[PDB]
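Some notes on the structure that comes next.
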Amino acid sequence: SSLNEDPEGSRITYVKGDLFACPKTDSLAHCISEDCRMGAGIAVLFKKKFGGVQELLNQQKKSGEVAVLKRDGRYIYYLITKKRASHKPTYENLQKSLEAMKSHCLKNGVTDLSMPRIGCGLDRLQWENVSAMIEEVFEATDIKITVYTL
Ligand SMILES: Nc1ncnc2c1ncn2[C@@H]1O[C@H](COP(=O)(O)OP(=O)(O)OC[C@H]2O[C@@H](O)[C@H](O)[C@@H]2O)[C@@H](O)[C@H]1O
């Protein structure tokens, strides 16, 4: 028991639990397409709670970009993958969007980011490749990543 929240010296922390139960200082990230369809997978809850869908289209983000919304004091990262859900995202393009997250996080002082198992749903990706890539991109950052796995 320690009052300071220490990470265990890791990039991706695997925890089973609901992702929406995360703190206000801890930001959410997930992947979606350019068409932005939340009506599939975990994306549904983010649309409902954070009201991201229109705002994302309002900002106009396309493949290789990230759309972020400040909501409840935390950030919400929408990694824009490819045009639609029927399209398989590439890891390189996903990497592009991952880079944008780290750049934003460090800039604002966001040292806490949680995400679900991205690259494991309609995205059709292999987590072994996805996770390792995230683990490389964020390898040298003060960003505490925790994946909520259901
Ligand atoms: N509220 C939740 N909290 C924690 N975990 C959850 C929650 N809801 C679902 N999960 C679990 O974590 C994972 C949710 O992430 P995914 O949607 O499966 O993976 P992701 O990369 O985010 O999917 C995005 C892809 O599908 C479309 O939304 C979009 O087109 C994009 O390409 C799933 O395995 C699910 O079981």
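Identifiers for the structure tokens are assigned positionally: chains receive A, B, ... in sequence, residues are indexed from 1 per chain, and ligands are indexed from 1 in the order shown.
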Within 6 Å of ligand 1, counting only C-alpha atoms and all ligand atoms, which protein or nucleic acid residues do you find, written as a count of residues only?
25
Check your understanding: What residues in stretch 46-76 of chain A get the DSSP label alpha helix (DSSP H)? Please answer as a ChimeraX atom specification.
Key -> /A:46-50,53-59
Could you save the residues just selected, with N, CA, C and O atoms, as a PDB file, in the first residue's frame?
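Saved result, part.pdb, follows:
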```
ATOM      1  N   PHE A  46     -18.683   5.190 -25.901  1.00  0.00           N
ATOM      2  CA  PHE A  46     -17.981   6.471 -25.999  1.00  0.00           C
ATOM      3  C   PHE A  46     -18.855   7.505 -26.692  1.00  0.00           C
ATOM      4  O   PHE A  46     -18.904   8.657 -26.274  1.00  0.00           O
ATOM      5  N   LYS A  47     -19.547   7.082 -27.756  1.00  0.00           N
ATOM      6  CA  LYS A  47     -20.419   7.958 -28.503  1.00  0.00           C
ATOM      7  C   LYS A  47     -21.503   8.482 -27.573  1.00  0.00           C
ATOM      8  O   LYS A  47     -21.762   9.678 -27.517  1.00  0.00           O
ATOM      9  N   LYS A  48     -22.118   7.576 -26.858  1.00  0.00           N
ATOM     10  CA  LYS A  48     -23.169   7.891 -25.947  1.00  0.00           C
ATOM     11  C   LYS A  48     -22.715   8.843 -24.816  1.00  0.00           C
ATOM     12  O   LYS A  48     -23.350   9.877 -24.579  1.00  0.00           O
ATOM     13  N   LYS A  49     -21.624   8.506 -24.150  1.00  0.00           N
ATOM     14  CA  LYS A  49     -21.188   9.267 -22.983  1.00  0.00           C
ATOM     15  C   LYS A  49     -20.443  10.557 -23.343  1.00  0.00           C
ATOM     16  O   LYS A  49     -20.712  11.624 -22.777  1.00  0.00           O
ATOM     17  N   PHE A  50     -19.530  10.470 -24.282  1.00  0.00           N
ATOM     18  CA  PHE A  50     -18.681  11.604 -24.594  1.00  0.00           C
ATOM     19  C   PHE A  50     -19.196  12.427 -25.770  1.00  0.00           C
ATOM     20  O   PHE A  50     -18.703  13.520 -26.011  1.00  0.00           O
ATOM     21  N   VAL A  53     -19.208  11.590 -31.894  1.00  0.00           N
ATOM     22  CA  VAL A  53     -19.471  11.371 -33.336  1.00  0.00           C
ATOM     23  C   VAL A  53     -19.574  12.657 -34.191  1.00  0.00           C
ATOM     24  O   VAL A  53     -18.845  12.802 -35.180  1.00  0.00           O
ATOM     25  N   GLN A  54     -20.416  13.588 -33.802  1.00  0.00           N
ATOM     26  CA  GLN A  54     -20.605  14.779 -34.587  1.00  0.00           C
ATOM     27  C   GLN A  54     -19.383  15.676 -34.505  1.00  0.00           C
ATOM     28  O   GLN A  54     -18.952  16.230 -35.504  1.00  0.00           O
ATOM     29  N   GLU A  55     -18.835  15.788 -33.318  1.00  0.00           N
ATOM     30  CA  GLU A  55     -17.661  16.615 -33.061  1.00  0.00           C
ATOM     31  C   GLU A  55     -16.456  16.166 -33.894  1.00  0.00           C
ATOM     32  O   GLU A  55     -15.659  16.988 -34.338  1.00  0.00           O
ATOM     33  N   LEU A  56     -16.337  14.872 -34.111  1.00  0.00           N
ATOM     34  CA  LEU A  56     -15.234  14.335 -34.894  1.00  0.00           C
ATOM     35  C   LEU A  56     -15.390  14.726 -36.342  1.00  0.00           C
ATOM     36  O   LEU A  56     -14.438  15.178 -36.983  1.00  0.00           O
ATOM     37  N   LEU A  57     -16.604  14.580 -36.846  1.00  0.00           N
ATOM     38  CA  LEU A  57     -16.923  14.970 -38.208  1.00  0.00           C
ATOM     39  C   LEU A  57     -16.838  16.483 -38.335  1.00  0.00           C
ATOM     40  O   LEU A  57     -16.543  17.015 -39.380  1.00  0.00           O
ATOM     41  N   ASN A  58     -17.092  17.160 -37.244  1.00  0.00           N
ATOM     42  CA  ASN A  58     -17.026  18.605 -37.206  1.00  0.00           C
ATOM     43  C   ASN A  58     -15.566  19.056 -37.356  1.00  0.00           C
ATOM     44  O   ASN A  58     -15.279  20.022 -38.048  1.00  0.00           O
ATOM     45  N   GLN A  59     -14.648  18.317 -36.735  1.00  0.00           N
ATOM     46  CA  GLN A  59     -13.222  18.635 -36.827  1.00  0.00           C
ATOM     47  C   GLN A  59     -12.631  18.135 -38.145  1.00  0.00           C
ATOM     48  O   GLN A  59     -11.649  18.685 -38.636  1.00  0.00           O
TER      49      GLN A  59
END
```
If you count only C-alpha atoms, the residue of A:79, A:147, A:101, A:110 closest to residue A:25 turns out to be A:110
One residue among A:112, A:6, A:35, A:92 is nearest to residue A:80 when using only C-alpha atoms, and that residue is A:35
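Residues within 10 Å of residue A:11, counting only C-alpha atoms and excluding same-chain residues fewer than 2 positions away, are residues 7, 8, 9, 13, 14, 131, 132, 134, 135, 136, 137, 138, 139, 140, 141, 142, 143, 144, 145, 146 and 147 of chain A.
Taking atom CA of residue A:27 and atom CA of residue A:86 as endpoints, the distance between them is 27.4 Å.
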Item to check | Backbone DSSP call of strand (DSSP E or B) for chain A, listed as a ChimeraX atom specification | outcome: /A:12-16,27-32,66-71,74-80,112-115,144-149
